[PDB]
Ligand SMILES: COc1ccc2c(c1)c(CC(=O)O)c(C)n2C(=O)c1ccc(Cl)cc1
Ligand SMILES: COc1ccc2c(c1)c(CC(=O)O)c(C)n2C(=O)c1ccc(Cl)cc1
Ligand SMILES: CCCCCCCCCCCCCC(=O)O
Ligand SMILES: CCCCCCCCCCCCCC(=O)O
Ligand SMILES: CCCCCCCCCCCCCC(=O)O
Ligand SMILES: CCCCCCCCCCCCCC(=O)O
Ligand SMILES: CCCCCCCCCCCCCC(=O)O
Ligand SMILES: CCCCCCCCCCCCCC(=O)O
């Protein structure tokens with residue numbers, strides 16, 4: 001069209017426009033104050049209005065990159081505040097924009113955002129919704145310069161829904177606090193998944209990305225043909241590459257194009273895309289990526305037909321190795337919405353290794369004849385781990401289950417930091433209380449989903465300050481081997497126990513006035529420390545100490561005088577427990 005700004009303004013709407021422009025500026029000029037971004041937003045919005053009125057008004061023909069760059073180069077203290085970035089303003093638009101991307105600090109040194117008391121949030125909310133949401137939208141955006149803006153907007157709307165509902169509530173905190181804690185964690189998940197995807201595309205490359213996509217796309221769109229899924233995997237690959245590079249505009253347009261493409265060829269891809277395809281521009285793709293699996297054909301052939309029995313397997317394979325393997329994947333994925341994607345990759349790899357070391361053999365059909373039999377153990381491993389861990393989780397509750405994982409992992413990698421073990425073990429616990437609620441056929445995909453950010457999360461920390469070759473081994477392993485690798489870790493028999501420390505096991509009355517979350521973390525921390533001191537303790541011996549301690553808390557909190565009780569019964573516990581654990 002003649003004017004990009006006019007166009008984007010028209011189909012986005014003034015409200016969404018103003019919010020996205022704010023997010024975009026905050027992601028670049030991460031250091032400028034809120035008031036300064038607001039002024040820029042107004043100016044751009046006002047400019048946009050001009051172009052809507054007259055497609056030919058001055059500058060309305062300029063591209064969004066150019067306009068955006070010029071306005072960015074308007075900041076007077078660009079050099080005094082951002083220094084080197086100001087030099088970007090000396091380049092021509094193609095490089096100017098590229099120059100701006102390179103200086104986008106992925107993790108600046110801003111103070112952590114503190115959550116104020118519910119009454120002050122609700123009052124600030126009621127007294128001025130706009131500036132209240134925009135300011136925090138600003139705070140989140142500057143800290144997460146790579147968070148896809150439209151999605152960051154999608155979150156804002158959920159935050160607003162939570163205040164609207166909760167601030168008019170009888171018990172505001174009882175309504176708000178849990179909603180904010182859920183929004184936060186979810187916000188974290190989305191952010192980490194985005195970073196992980198881009199990171200993985202760099203290490204492993206396009207082939208791995210494509211395989212993962214064929215598997216995922218065909219599980220969701222089991223009725224589409226392999227050529228449609230291939231088409232989609234290709235476009236999808238261009239979109240992620242672009243979006244990872246960090247250019248919002250290119251990214252947003254690539255996502256829009258793909259979304260309309262899918263919606264137009266709707267009936268040819270999935271029947272569950274109707275809802276999503278009605279929604280407005282800003283939401284289409286977000287919706288589609290989240291869409292539920294379509295129902296499969298039911299009248300579907302046996303894989304062993306074309307991939308085992310049939311002659312020409314090797315002829316079809318040598319003619320185009322990746323396409324044939326992709327075909328396998330497509331065929332195997334759309335018949336298994338219940339398998340995790342990485343499990344579908346393990347099978348595809350196994351199949352590949354087999355065809356390679358078989359198609360170069362006397363009688364092919366016989367060399368690879370029993371390949372589907374190798375799959376069995378690959379499939380069962382993840383299944384058995386799930387049932388097993390969900391069972392245990394049903395018995396104990398979330399908390400006691402978290403404590404079990406705490407003992408398990410501490411004995412495996414005692415070298416790891418206690419606060420790290422505590423955190424990882426807790427999140428792992430939450431993955432259990434979130435996936436085990438699901439019926440079997442959906443558990444594995446669930447776990448994979450959550451378990452992957454947790455494992456990467458833990459791998460990054462270890463990256464910083466490495467403490468074990470084994471963790472490093474699993475962390476640098478292949479995407480397909482990461483989780484099985486951690487699963488294979490055995491008790492660390494080498495580990496030399498920490499010297500006892502009286503302090504570490506001294507508890508005061510403050511443990512009675514602390515919040516549930518706080519109390520638990522103190523107990524759990526003492527637990528990791530317990531195991532690090534007596535790594536040979538039994539589940540029996542251990543459970544006995546945890547039982548004494550259990551009461552010890554109550555017998556001292558619900559006691560006439562604390563302090564003393566904890567120092568009196570406290571001396572006892574430690575002396576006794578030390579003896580039981582020899
Ligand atoms: C102290 O524990 C946390 C945990 C997660 C946090 C933050 C602080 C902060 C604040 C800070 O950076 O200090 C942000 C921004 N977190 C997110 O990951 C996030 C991302 C997107 C949304 Cl929509 C919501 C939350
Ligand atoms: C629809 O296309 C994809 C492609 C890759 C994906 C995902 C989705 C999802 C999300 C989903 O499972 O739907 C995750 C988590 N991916 C990765 O971890 C990943 C794996 C390998 C590489 Cl090389 C790069 C990224
Ligand atoms: C997502 C952008 C909209 C901003 C609204 C967020 C309001 C809640 C402020 C609290 C943020 C601190 C993060 C947290 O710990 O919950
Ligand atoms: C000045 C540059 C900022 C202009 C705002 C960028 C336009 C955002 C369009 C988002 C389209 C939704 C695409 C999607 O489905 O993800
Ligand atoms: C057009 C379809 C292309 C998909 C290619 C299929 C390749 C499957 C190989 C199994 C995945 C192993 C991943 C890896 O180790 O890099
Ligand atoms: C079920 C969540 C509780 C935590 C225990 C982890 C069990 C899930 C392990 C299965 C991993 C699925 C991904 C994969 O196949 O590698
Ligand atoms: C940094 C110390 C924590 C490391 C603990 C490893 C956690 C691995 C998670 C794998 C979950 C699958 C269940 C399992 O096989 O143990
Ligand atoms: C050397 C032995 C010192 C004894 C220290 C005992 C502390 C163990 C913490 C037990 C926490 C279990 C959690 C719970 O009961 O809910």
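Values quoted throughout were computed directly from the atomic coordinates according to the rules given, and no laboratory measurement underlies them. When we count neighbours, we look across all protein chains shown, and the Cβ atoms used for this are built from the backbone with ideal geometry, even at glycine.
How much of the pair distance distribution for the stretch 138-261 lies past 16 Å, counting alpha-carbon pairs only, in percent?
On the way: 5326 of 7626 pairs.
Counting pairs separated by more than 16 Å, the tail of P(r) holds 70 percent.
Would you mind ranking 63, 468 so that the residue whose beta carbon has the fewest other beta carbons within 10 Å leads the list? If you can, show how the numbers build up before the last one.
Values: 63 14, 468 17.
Least to most surrounded, the residues fall as 63, 468.
Do me a favour and compute the ellipsoid semi-axes for the stretch 61-181 from its Cα gyration tensor, root of five times each eigenvalue, largest one first, whole Å.
Numbers: eigenvalues 268, 45, 32 Å².
Computed over the stretch 61-181, the values are 37, 15, 13 Å.
Just rank 339, 136, fewest to most, by other beta-carbon atoms within 10 angstrom.
Result, fewest neighbours first: 136, 339.
Over all distinct alpha-carbon pairs, what is the Kirkwood Rh of the stretch 87-155 in angstrom?
Numbers: mean 1/r = 0.0686 Å⁻¹.
14.6 Å is the Kirkwood radius here.
For the stretch 203-294, what D do you get in µm² per second when you plug the Kirkwood radius from alpha-carbon pairs into Stokes-Einstein at 4 °C and 1.567 mPa s?
Numbers: Rh = 13.5 Å.
The diffusion coefficient I find is 96 µm²/s.
Can you show me the helix-derived [θ] at 222 nm for the chain, built from DSSP H runs with n ≥ 4 at -39,500 (n - 2.57) apiece and divided by the number of residues, rounded to the nearest 500.
Working: 27 runs with 393 residues, N = 582.
Counting only the DSSP helices, I get -22000 deg cm²/dmol.
Sort the stretch 491-533 into rounded, prolate or oblate with this rule: let a ≥ b ≥ c be the square roots of the eigenvalues of the Cα gyration tensor; rounded if a/c is under 1.5, and if a/c is not under 1.5, prolate when a/b is larger than b/c, oblate otherwise. Intermediate values should be presented prior to the final figure.
Values: a/c = 6.54, a/b = 1.99, b/c = 3.29.
Oblate, because a/c is 1.5 or more while a/b does not exceed b/c.
If you find the alpha carbon centre of the stretch 483-508 and of the stretch 281-340, how far apart are they in angstrom?
Using only Cα atoms to place each centre, the spacing works out to 44 Å.
For the stretch 361-380 and the stretch 81-116, what is the centre-to-centre distance using only Cα atoms, to the nearest Å?
Measuring centre to centre over Cα atoms gives 54 Å.
At a 10 Å Cβ-Cβ cut-off, how would you order 508, 65, 7, fewest neighbours first? Provide the component values of the computation, followed by the final result.
Details: 508 12, 65 19, 7 16.
By the 10 Å Cβ count, ascending, the order reads 508, 7, 65.
Rounded to whole Å and sorted largest first, what semi-axes of the equivalent ellipsoid does the C-alpha gyration tensor of the chain yield via the square root of 5 times each eigenvalue?
Details: eigenvalues 391, 305, 96 Å².
Semi-axes (√(5λ), whole Å): 44, 39, 22.
Can you give me the relative contact order of the chain as a percent, contacts being Cα pairs under 8 Å and 6 or more apart? List each step's numbers first, then the result.
Numbers: 518 pairs, mean separation 55.6, N = 582.
It comes to 10 percent, rounded to a whole number.
Compute the whole-percent fraction of alpha carbon pairs in the stretch 368-493 spaced more than 27 Å apart. Numbers along the way, then the final one.
Numbers: 1570 of 7875 pairs.
Within the stretch 368-493, distances greater than 27 Å cover 20 percent of Cα pairs.
Relative contact order (percent) for the stretch 175-326, with alpha-carbon contacts under 8 angstrom and 6 or more residues of separation?
Details: 93 pairs, mean separation 32.4, N = 152.
The normalised contact order for the stretch 175-326 reaches 21 percent.
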